[PDB]
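Number of protein chains: 2
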Amino acid sequence: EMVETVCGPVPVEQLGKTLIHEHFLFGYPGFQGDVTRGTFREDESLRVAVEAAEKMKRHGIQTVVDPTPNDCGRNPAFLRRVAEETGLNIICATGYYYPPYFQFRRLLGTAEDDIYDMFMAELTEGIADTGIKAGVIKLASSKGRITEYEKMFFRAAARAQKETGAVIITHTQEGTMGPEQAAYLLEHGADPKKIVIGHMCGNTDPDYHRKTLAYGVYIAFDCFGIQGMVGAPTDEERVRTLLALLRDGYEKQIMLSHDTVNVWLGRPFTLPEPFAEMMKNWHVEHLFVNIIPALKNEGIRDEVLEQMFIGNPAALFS
Amino acid sequence: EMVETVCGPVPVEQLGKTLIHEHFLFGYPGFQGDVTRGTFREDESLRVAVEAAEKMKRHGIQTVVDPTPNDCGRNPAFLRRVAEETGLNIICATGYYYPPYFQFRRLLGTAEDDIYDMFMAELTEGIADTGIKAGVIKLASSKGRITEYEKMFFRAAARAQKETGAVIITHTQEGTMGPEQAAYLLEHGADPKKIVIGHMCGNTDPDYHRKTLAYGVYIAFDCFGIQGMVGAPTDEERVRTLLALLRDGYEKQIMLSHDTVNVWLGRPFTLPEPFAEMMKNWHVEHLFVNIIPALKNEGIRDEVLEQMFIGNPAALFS
Ligand SMILES: [Fe+3]
Ligand SMILES: [Fe+3]
Ligand SMILES: [O-]
Ligand SMILES: [O-]
Ligand SMILES: [Zn+2]
Ligand SMILES: [Zn+2]
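Quick note, the sequences are listed as chains A and B, same order. Those letters in the first sequence? Residues 3 to 100, 106 to 325, per UniProt numbering, in order. Those letters in the second sequence? Residues 3 to 100, 106 to 325, per UniProt numbering, in order.
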């Protein structure tokens, strides 16, 4: 029926065309310390975020899930301003990126309960004093492992999902741990119909995808546009992989996005001369002007695309 | 001549009796993410910080070095309020605790320059828009190692010290790397007369201390009151060690403090009852009502104590 957005409860029927994974603001944990040279320019960031929203609206997007973690500059009030100005639905997350603070609490033996309590509060009561509730729990694991630290969050997320029916979205690191994340979550009673394993496009082996899909979870090809960096494949490989799975009939378990960061938090930077060119399609319009027209050429029917962009998000949050 | 405090430049002659290492506010990196259940209560925190300052003033303290790192809740404007209200001099730090943010910048190959640039800005221009400059560069290393990540900060700090004459204060982890920190800093042109190697009381072997002292640096017995937790020694061992070094004549290189955290940032907690009892002397008055009266019994002369509390800080910042 209803999902919490940065503008309060919204009927899932009205979510419409959805991008399952984009960031209006993002900073790598640690940016906080670089406040002097990497100060947050609120009004310019708002202008940029609002233009990103208008770009997405031009291609029919009505809803964005922004899964920025608590420690990566999540700013629900900022997100509400963007939404209030543009009419875009924005759903935010509760969760942490893939350290000493929650490690200290392990010593006291309250860490997993504290995390669960954080999740419950932010899902059912509100984030700080913003009055905004998260619509998803965000989880992440490391390359090649889900560490003991990370598993605490997975267990807490599974507990919170069982009490709230909240959606879980994950981050996989460099094409690893897709099946493991699914299996561990289900072990702990999470519902596969409410789980999205993310960054599945980071792996070019279709059998890796099918092992993950076999759990009945959603997977996301949510890094379209990212090429060269963080071990990334290329967009062609992503499309090849995606094209193999839809032909196998997996369209009811697959969503697409770019994982853009429209405003970087912390100090500005510049990607070097070869990298920057390769990364030039990393923007919120890329799926619509390049990828989807290519899926058209290979013969993907519009009813399938609508399943991924409309039906799947609608079923997920239902 | 002058040192920057949270109230602007102050003649070093006027610093008087000094605690080299205490925290008005502190949170473990990651506390930022736990905003919903661990919200910062500004007015109550100010009341508590001000009472800590008044406690220190009662025993004659006129100056406190608060080396809270950038990512541990450093709040210079908050510190200036405490000082403005109490007349206490407070000197703050620029630095990071002992990660993905500065790791990302390693990839771009600008990380060490960026850190140096942060240090220069905060030492010579001001922290954010507070108008407050740090008086010390704060460094930290891990247990048993100074990592490649940490060395970047050490190299940057050494460069910044050579341009500014700024004081460096370090954190050693569980009684390790004292001599290594000193040697690596000096390799890179840092001045030993402007370096304090901290938490030296975390090691009970006097020869470890003497290897560190041999570099001509200051060392700090700055964890008085911390007992039972994180592989710590007891206060008696600290005193035993300290008593051995002053008799060897090291008083011109030694400072004392408690490393208190008077207001914890993030979610509140309680210590288990056994831990709890052992930690009960971890407060800003402990040195004055317990430790120093014991050093009196063992025959330490007042002129020696004044060297540590007055002469040493004065020479350090000179
Ligand atoms: Fe993301
Ligand atoms: Fe400290
Ligand atoms: O991401
Ligand atoms: O500390
Ligand atoms: Zn991610
Ligand atoms: Zn320390």
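We put the CB at the ideal spot given by N, CA and C, even for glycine.
query                                                                                                                                                                          : result
Going by the beta-carbon positions, is the gap between residue 316(B) and residue 59(B) smaller than 7 Å?                                                                      : no
Mind reading off the beta-carbon distance from residue 270(A) to residue 51(A)? Whole number of angstroms is fine, and I expect it under 8 Å.                                  : 6 Å
For ligand 1, is there a heavy atom less than 6 Å away from the beta-carbon of residue 105(A)?                                                                                 : Any question about the placement of residue 105(A) has no answer from these coordinates, since chain A jumps from 100 to 106.
Rounding to the nearest angstrom, what Cα-Cα distance links residue 69(B) and residue 262(B) in this structure?                                                                : 15 Å
Can you pull the chain B neighbours of residue 134(A), defined as C-beta to C-beta under 7 Å?                                                                                  : 38
Please list the terminal residues of the continuous beta strand (DSSP E) segment that includes residue 91(B).                                                                  : 91-97
Going along the chain, which residues of its own chain have a beta-carbon closer than 7 Å to the beta-carbon of residue 92(B), five neighbours each way excluded?              : 7, 8, 66, 68, 81, 84 and 85
Taking 7 Å as the cut-off, decide whether the C-beta atoms of residue 321(A) and residue 14(A) are in contact.                                                                 : yes
Check the Cβ-Cβ distances between residue 180(A) and every residue of chain B, and say whether any is below 7 Å.                                                               : no
Measure from the C-beta of residue 269(B) to each C-beta in chain A and report whether the shortest distance is under 7 Å.                                                     : no
Roughly how far, in whole angstroms, is the beta-carbon of residue 250(B) from the beta-carbon of residue 313(B), given that I think they are within contact range, below 8 Å? : That pair is no contact at about 17 Å.
In its own chain, which residues sit with a C-beta less than 6 Å from the C-beta of residue 63(A), not counting the 5 before and 5 after it?                                   : 19 and 21
Identify whether residue 231(B) lies in helix, strand or coil by the three-state DSSP scheme.                                                                                  : coil
From the DSSP output, in three-state form, read off residue 147(B) for me.                                                                                                     : strand
Under 7 Å, Cβ to Cβ, is there at least one residue of chain A near residue 167(B)?                                                                                             : no
By Cβ distance below 6 Å, which residues in the same chain neighbour residue 109(A) in space, the five residues on each side in sequence not counted?                          : 118
Among 139(A), 49(A), 44(A) and 28(A), which has the Cα closest to the Cα of residue 98(A)?                                                                                     : 28(A)
Please name the residues in the segment 8-40 of chain A whose beta-carbon is closer than 8 Å to at least one beta-carbon of chain B, in chain order.                           : 29, 30, 31, 32, 33, 34, 35, 36, 37, 38 and 39
If we define contact as Cβ-Cβ less than 7 Å, is residue 107(B) a contact residue for chain A?                                                                                  : yes
Using the beta-carbon count (16 or more within 10 Å), is residue 71(B) buried or exposed?                                                                                      : buried
Name the residues in the segment 115-135 of chain B whose C-beta lies less than 7 Å from a C-beta of chain E; which are they?                                                  : Among the protein chains of the structure shown, namely A and B, there is no chain E.
Could you please give the first and the last residue of the uninterrupted alpha helix (DSSP H) stretch that includes residue 281(B)?                                           : 280-285
Anything in chain A within Cβ reach of residue 73(B), meaning under 7 Å, just list it in chain order.                                                                          : 32, 34 and 35
Determine, using beta carbons only, whether residue 184(A) and residue 153(A) come nearer to each other than 7 Å.                                                              : yes
Can the beta-carbon of residue 168(B) be found less than 7 Å from the beta-carbon of residue 176(B)?                                                                           : no
Identify each residue in the segment 264-297 of chain B for which the Cβ-Cβ distance to at least one residue of chain A is less than 7 Å, and report them in chain order.      : 273, 274 and 276
Quick one: which chain B residues come within Cβ less than 7 Å of residue 111(A)?                                                                                              : 30
Could you check what DSSP says for residue 6(A) in three-state terms: helix, strand or coil?                                                                                   : strand
Quick check: what's the CA-CA separation for residue 105(A) versus residue 182(A)?                                                                                             : Missing here is residue 105(A): after 100, the next number in chain A is 106.
In angstroms with no decimal places, state the Cα-to-Cα distance between residue 135(B) and residue 74(B).                                                                     : 16 Å
Can residue 178(A) be considered in contact with ligand 5, in the sense that its beta carbon sits closer than 6 Å to one or more heavy atoms?                                  : yes
Going by Cα to Cα distance, which pick from 54(B), 143(B) and 106(B) is closest to residue 89(B)?                                                                              : 54(B)
I need the boundaries of the alpha helix (DSSP H) containing residue 22(B), first residue and last residue.                                                                    : Note, residue 22(B): premise wrong, no alpha helix (DSSP H); not H, not E.
Select from 293(A), 307(A) and 76(A) the residue whose C-alpha is nearest the C-alpha of residue 264(A).                                                                       : 293(A)
For residue 30(B), write down the residues that DSSP places opposite it in a beta bridge.                                                                                      : DSSP output for residue 30(B) lists no bridge partner at all.
Is there at least one non-hydrogen atom of ligand 2 closer than 6 Å to the beta-carbon of residue 68(B)?                                                                       : no
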